[PDB]
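Asks: Experimental structure and sequence below, a few questions after.
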Amino acid sequence: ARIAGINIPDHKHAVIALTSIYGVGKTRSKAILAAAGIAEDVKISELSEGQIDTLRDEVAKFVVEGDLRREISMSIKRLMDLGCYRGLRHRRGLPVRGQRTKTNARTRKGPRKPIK
Amino acid sequence: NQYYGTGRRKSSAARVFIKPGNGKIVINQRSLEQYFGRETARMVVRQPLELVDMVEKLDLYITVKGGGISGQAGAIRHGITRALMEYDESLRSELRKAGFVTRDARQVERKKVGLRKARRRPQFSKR
Amino acid sequence: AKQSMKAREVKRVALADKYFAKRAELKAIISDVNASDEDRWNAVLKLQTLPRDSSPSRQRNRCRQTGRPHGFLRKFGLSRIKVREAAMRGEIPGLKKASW
Amino acid sequence: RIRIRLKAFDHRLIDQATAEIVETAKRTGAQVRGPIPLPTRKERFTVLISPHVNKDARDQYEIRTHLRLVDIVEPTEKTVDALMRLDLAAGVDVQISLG
Amino acid sequence: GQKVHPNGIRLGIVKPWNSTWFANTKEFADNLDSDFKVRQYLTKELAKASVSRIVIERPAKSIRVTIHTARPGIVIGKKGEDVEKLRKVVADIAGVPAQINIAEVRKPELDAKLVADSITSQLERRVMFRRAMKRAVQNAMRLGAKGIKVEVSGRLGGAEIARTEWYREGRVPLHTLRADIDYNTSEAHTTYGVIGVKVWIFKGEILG
Amino acid sequence: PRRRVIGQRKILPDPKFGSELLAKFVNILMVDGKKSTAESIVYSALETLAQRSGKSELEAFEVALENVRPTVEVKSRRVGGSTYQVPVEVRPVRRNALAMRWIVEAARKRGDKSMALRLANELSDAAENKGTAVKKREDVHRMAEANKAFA
Amino acid sequence: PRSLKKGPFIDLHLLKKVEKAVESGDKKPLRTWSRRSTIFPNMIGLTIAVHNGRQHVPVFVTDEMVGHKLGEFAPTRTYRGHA
RNA sequence: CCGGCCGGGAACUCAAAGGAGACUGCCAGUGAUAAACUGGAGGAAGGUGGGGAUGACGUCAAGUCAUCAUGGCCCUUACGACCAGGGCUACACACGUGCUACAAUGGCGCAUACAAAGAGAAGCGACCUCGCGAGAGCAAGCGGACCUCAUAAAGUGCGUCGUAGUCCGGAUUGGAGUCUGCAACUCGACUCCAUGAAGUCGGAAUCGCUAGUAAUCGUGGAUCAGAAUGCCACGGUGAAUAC
RNA sequence: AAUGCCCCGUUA
Ligand SMILES: [Mg+2]
Ligand SMILES: [Mg+2]
Ligand SMILES: [Mg+2]
Ligand SMILES: [Mg+2]
Ligand SMILES: [Mg+2]
Ligand SMILES: [Mg+2]
Ligand SMILES: [Mg+2]
Ligand SMILES: [Mg+2]
Ligand SMILES: [Mg+2]
Ligand SMILES: [Mg+2]
Ligand SMILES: [Mg+2]
Ligand SMILES: [Mg+2]
Ligand SMILES: [Mg+2]
Ligand SMILES: [Mg+2]
Ligand SMILES: [Mg+2]
Ligand SMILES: [Mg+2]
């Protein structure tokens, strides 16, 4: 099953199959299924092509993988080009929301780097 | 002619009223299978009526408050035992040997300063 | 604490009690969902102009006997140390060492 | 009817005060309900007893506010001004409520 | 420091509360502050009078202050002037009509605070702390206290290394709870710093 | 402990069959106080094992416990200038508890899907003298036999 | 973020100063300490010297910064590297 | 009006308030005719019935001159006082204490049962309406066994997931917002959408606990305009083992 | 019948 320019798990239920898309969570997927008039537990394998076309129309009405890539990249680039606090944090690899950094910032700082 | 009894547990309190009948049960305007949806609760509330074979001779209108399912079950058992005392006055030794008249005083222990709980101390370390 | 800090807190509470009404009605007209945009703008501007010490959120609760800002107890108005010493001396009515 | 709510930190004091109240009531008026005892408040406090640093050393105080309620259902003219003239001990808060 | 306050631990069983009044959370704090200020002013004003204990009770918007002292003739001075001045000033302080009562406490050698203030005056006038403690204990046991302990601490005799001494006579049980333990303390401000003093007086067990 | 020996606390038998042994087994299997879940699991697995191997739940459980039951454990003595791993006999309560513990541990280690299935498979294997439970039993027996030179 | 209904916050003195500056057409560093004020479209083309502790750092206001605050562009903690 | 509702009833839970009771009291044995120990008859509790408070002489010249008080020393157009902003939240790194997880005794959706202990007047804040939501408008009652906070959760029954770094994990990040507060960039909390790191039980070593304890599950309060996974309290389920 | 071990600066 190919949707929004990407394949889709065939054996998984419709909800998780759609969540597999970049830009669609459980709630957005449930809304897609409701708008398409399909059960949340119907496997994509047993589905017909018209339902898949409706799902394509709905995901097109919403935003998709490459669109989100571009939006996020452009936002981060605008930030780090303005040189605001958030852009500085982004470029330096440190947390942005204002977390502590004297310890316990591994998600952004990557693994530990011993001093030598 | 109803015989009354009071049972108590951790935080529960059960009023038991017994009348000679067919042996039906009513807990808070419900049956035991509907109130105590647990086989252990059912067995413990039925215990004394099997200790002394009178499960089918006395109906009873029981009410209970406070505590959880097991606490309420123990309270109902204690109240049923007390009512059986008030009614017969001859099964006292049997229920004593069975261990039913002793009101369980195993109350929940409080939390003390310097401890994570009643007895658990925080993590200790020389360094 | 320092006499300067205590007098500072006194001035804070005095100015708060003074500008309470005006600040209150200004906040009211600002939060008013059925108010004009320009009126709310002017109200926010006047609130800005108003002194900062006039805000009840600016004053810190201090022990009425020593000025200690930490360990304050609203029920008594004293720090924990003074509360304990007064209780032991028998000055706080009804208060006694508890246990259960 | 009139309800009298007494409260105090002293058990014996509140008990003697409500006793005096019910006595004067049965004396002047008649048909006083009774001094029913209500649940008492237990306002607790924990205080670090050390000045600088001891987070495990802590005293635990508590104020016990005992509460009593009495009701008079046949209020005469003299009963009201009598209980109003009556000044009670220090440490007892009395609240009158008609109805 | 481990010992608990005797008055604090006995405040419910045998020993009573000094301040005895009821209040809600809205005025508890200001009531405490007014009581503190009243006690402060009284202790500051009548210091040459052997004031043992100032108790306060505020029933129905009227404060009543009872001063248990040993020199009532002094606290009153000329008959009807000093008490009235104190009543007026304390009423002004509290913002409430004031009433003043005096309680003559016999046997001033049996009060924890009076003995403490006496020792304080002694070792502020440079009397030997040992002699002061010994004579206090002797006077108490002579007047008939079933027990007495008195301890001094800090810069004893202008020493450079502070220490603590204590004299015990009779039977003063503190672990017991029904015992009548009148305990108090004071401090002297000498050229060499501060000297603290504590006094326990065991009158007798109270079987209530 | 040092001072005194203690008295044993009572354990309520199970409602389904009334076996104090099964009550102890479910109390060993439970975790975080979820006795309801433990009872459901043990009852399901026991019914499965029964309909599998014929004889009723009690017979299957007792034969499995007997096949897993040890008789001689090993302890440390540290008498004098030498330390000894002396073998010592086991008492009934101790060996029953050890059997139950080894069985539940083998079930936990087994990489099946459901805990009830794991427990049923382990019980069947033990009844037919298979599984890590009987494995550990044989290991401790061999260790005791090796250290049999101490008494 | 601040409440939408409340509107954007800006200091009265900063607003009056920027009004005077845009009316006068003077291209001078507008010194201020209001790092909390959010930028407005009237500030584009100007240069604001906002306090950052030690001194006032100058920032030239652009369009895409309007929805931001000058504290975002005035850093305070000077860090280079531990070694 | 099927709701103790509202007459009524004072029985019961419950609320205190005062009392009774548990003191080796009695029985048999051991013991040196003792202390005391063992066992049992009663009893709710049997041997300190459980828990708490209560912490001797003194040690560590232990901690606190930044709670407070205080000797001596030190500054007196500043080591005093006021104001704005920033910082106390930084970050190659190491350690301690905790929370969340690695999952199927589980996750998810539906329905549903059982508590205790506490706060409330610059406060708690029903109901109704709007908004997916945080919350917003109106807004009764409550100084409170009466009203609010406030729905307890684990559990139970049904269906699904079927051992997959996954419908586990939720960190990080982007976008739009709510509340407080003059003012949420440095630097609050929370909501919605999307994103979905590491982790697949953890080396040496090491910690807590003997029963309603551990383990687990939630609830409340002090601080507080706003701001806890911490602190202090309450209860539900509820073990194993001690030769 | 006798598997681990060695050390703590100066004055007071
Ligand atoms: Mg933070
Ligand atoms: Mg360690
Ligand atoms: Mg000062
Ligand atoms: Mg209350
Ligand atoms: Mg102590
Ligand atoms: Mg016995
Ligand atoms: Mg400042
Ligand atoms: Mg800090
Ligand atoms: Mg955990
Ligand atoms: Mg609160
Ligand atoms: Mg469930
Ligand atoms: Mg991995
Ligand atoms: Mg999301
Ligand atoms: Mg796995
Ligand atoms: Mg918790
Ligand atoms: Mg050497």
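Replies: Structure received. Residues are numbered from 1 along each chain as shown, chains lettered A, B, ... in the order given. Ligands and ions are numbered 1, 2, ... in the order given.
Asks: my guess is residue F:117 meets residue F:45, correct?
Replies: Yes - if you go by Cβ atoms under 8 Å, residue F:117 and residue F:45 touch, sitting 7.2 Å apart. All C-beta spots, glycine's among them, are computed from the backbone N, C-alpha and C.
Asks: Which of the two has more residues huddled nearby?
Replies: residue F:45 (25 against 16; other Cβ atoms under 10 Å in any protein chain shown).
Asks: Helix or strand: which one has that one?
Replies: Using DSSP states H and E, the element containing residue F:45 is helix F:35-53.
Asks: so what does whichever helix or strand comes after that helix touch, helix or strand wise?
Replies: Where DSSP H and E defines the elements, the next helix or strand beyond helix F:35-53 is helix F:57-68. With contacts defined as 3 or more Cβ pairs under 8 Å, 6 or more residues apart in numbering or on different chains; DSSP states H and E, helix F:57-68 has these neighbours: helix F:20-29, helix F:35-53, helix F:92-109, helix F:115-127, helix F:132-146.
Asks: Say whether RNA strand H is contacted by the third one.
Replies: Yes - Helix F:92-109 comes into contact with RNA strand H (Cβ under 7 Å from any atom of the strand), by way of F:93-94, F:97, F:104, F:108.
Asks: That helix vs helix F:35-53, what angle?
Replies: Per axes from the mean of the first three to the mean of the last three Cα atoms, to 10 degrees, the angle that helix F:92-109 makes with helix F:35-53 is 90 degrees.
Asks: For chain E, what's the nearest residue on chain D?
Replies: In chain D, the residue that lies nearest chain E is residue D:90 (3.6 Å; Cβ to the nearest Cβ).
Asks: Look up the closest residue to the residue nearest the centre of chain G, ignoring the ones flanking it.
Replies: Ranked by distance to the mean C-alpha position of chain G (Cα atoms, centre = their mean), the top residue is residue G:70 at 3.6 Å. Of all residues not flanking residue G:70 in the chain, residue G:50 sits nearest, at 4.3 Å (Cβ to Cβ, 6 or more residues apart in numbering or on different chains).
Asks: For that neighbour, what is the enclosing helix or strand?
Replies: Counting by DSSP H and E, residue G:50 is found in strand G:47-51.
Asks: Could you confirm residue A:67 falls within a strand?
Replies: No - the assignment for residue A:67 (DSSP: H, G, I helix; E, B strand; the rest coil) gives helix, which keeps it out of a strand.
Asks: Using the three-state scheme, assign the closest residue to it other than its chain neighbours.
Replies: Nearest residue to residue A:67, sequence neighbours excluded (Cβ to Cβ, 6+ apart): residue A:23, at 7.6 Å. Recorded secondary structure, residue A:23: coil (three-state DSSP).
Asks: and residue A:23, what is it in contact with?
Replies: A:62-65, A:67-68 (Cβ atoms under 8 Å, 6 or more residues apart in numbering or on different chains).
Asks: Got the phi and psi for it?
Replies: Residue A:23 adopts backbone torsions of phi 120, psi 10, taken as degrees, to the nearest 10.
Asks: Kindly report the same for the one 10 residues further on.
Replies: Note on residue A:33: backbone dihedrals following degrees, to the nearest 10 are phi -60, psi -40.
Asks: isn't it right next to residue A:15, touching?
Replies: Yes - Residue A:33 lies in contact with residue A:15 (Cβ under 8 Å); the separation is 6.6 Å.
Asks: The residue of chain C at minimum distance from chain B: what's it in contact with?
Replies: Using Cβ to the nearest Cβ, the closest approach of chain C to chain B is made by residue C:100 at 6.8 Å. Applying Cβ under 8 Å, 6+ apart to residue C:100 gives the contacts residue B:110.
Asks: Let's see that with 10 Å instead.
Replies: Neighbouring residues of residue C:100 by Cβ atoms under 10 Å, 6 or more residues apart in numbering or on different chains: B:110, D:42, D:44, D:60, D:62.
Asks: pretty sure it is in a helix, no?
Replies: No - assessed by three-state DSSP, residue C:100 does not belong to a helix; its assignment is coil.
Asks: Look up which residues are beta-bridged to the residue nearest to residue E:112 when sequence neighbours are not counted.
Replies: Spatial nearest neighbour of residue E:112, chain neighbours left out: residue E:184 (3.4 Å); criterion: Cβ to Cβ, 6+ apart. With DSSP bridges applied, residue E:184 shows beta-bridge pairing to residue E:199.
Asks: got it, and the one 5 residues further on?
Replies: Legend: beta-bridge partners of residue E:189 under DSSP bridges are residue E:194.
Asks: that older thread, what do residue F:117 and residue F:45 both touch?
Replies: residue F:107.
Asks: hmm, the helix or strand in which residue A:27 is found in reach of RNA strand H?
Replies: Using DSSP H and E, residue A:27 sits within helix A:26-36. Yes - Helix A:26-36 comes into contact with RNA strand H (Cβ under 7 Å from any atom of the strand), by way of A:26-29.
Asks: out of the helices and strands packed on helix F:57-68, deepest packed?
Replies: helix F:115-127 (a mean of 23; mean count of other Cβ atoms under 10 Å in any protein chain shown).
Asks: What is that one packed up against?
Replies: Packing partners of helix F:115-127 (3 or more Cβ pairs under 10 Å, 6 or more residues apart in numbering or on different chains; DSSP states H and E): helix F:20-29, helix F:35-53, helix F:57-68, helix F:92-109, helix F:132-146.
Asks: Got phi/psi on the one residue sitting closest to the centre of chain C?
Replies: For chain C, residue C:59 is the residue whose C-alpha lies nearest the centre (Cα atoms, centre = their mean; 4.3 Å). With angles defined as degrees, to the nearest 10, residue C:59 sits at phi -80, psi 140.
Asks: That one contacts residue C:52, doesn't it?
Replies: No - if you go by Cβ atoms under 10 Å, residue C:59 and residue C:52 don't touch, sitting 11.1 Å apart.
Asks: anything in contact with each of those two?
Replies: By Cβ under 10 Å, 6+ apart, residue C:59 and residue C:52 have these common neighbours: C:12, C:15.
Asks: one step back: compute the inter-axis angle for the helix holding residue F:45 and helix F:20-29.
Replies: 120 degrees.
Asks: give me every residue that touches whatever residue of chain E ends up closest to chain F.
Replies: Proximity of chain E to chain F (Cβ to the nearest Cβ) peaks at residue E:175, 25.9 Å away. Shown in contact with residue E:175 (Cβ under 10 Å, 6+ apart): residue E:9.
Asks: Now the residue lying closest to residue D:82 once chain neighbours are set aside: phi and psi?
Replies: Setting aside the residues directly before and after it, residue D:82 is nearest to residue D:28 in space (Cβ to Cβ, 6+ apart), at 5.1 Å. Residue D:28 adopts backbone torsions of phi -80, psi -60, taken as degrees, to the nearest 10.
Asks: measure residue D:28 to chain B for me?
Replies: From residue D:28 across to chain B, the span is 41 Å (Cβ to the nearest Cβ, to the nearest Å).
Asks: hang on, the earlier thing: pretty sure the residue nearest to residue E:112 is touching residue C:89, no?
Replies: Yes - between residue E:184 and residue C:89 a contact is recorded at 9.1 Å, counting by Cβ under 10 Å.
Asks: Comparing the two, which shows the higher neighbour count?
Replies: Ranked by neighbour count (other Cβ under 10 Å), residue E:184 and residue C:89 place residue E:184 first, with 21 against 17.
Asks: Do you have the strands of the chain handy? List them.
Replies: If you meant another chain, say so; for now it's chain A. Assigned strands in chain A, in chain order: A:2-3, A:6-7 (criterion: DSSP state E).
Asks: try chain G instead
Replies: Going by DSSP E, chain G shows strands at G:30-32, G:47-51, G:56-60.
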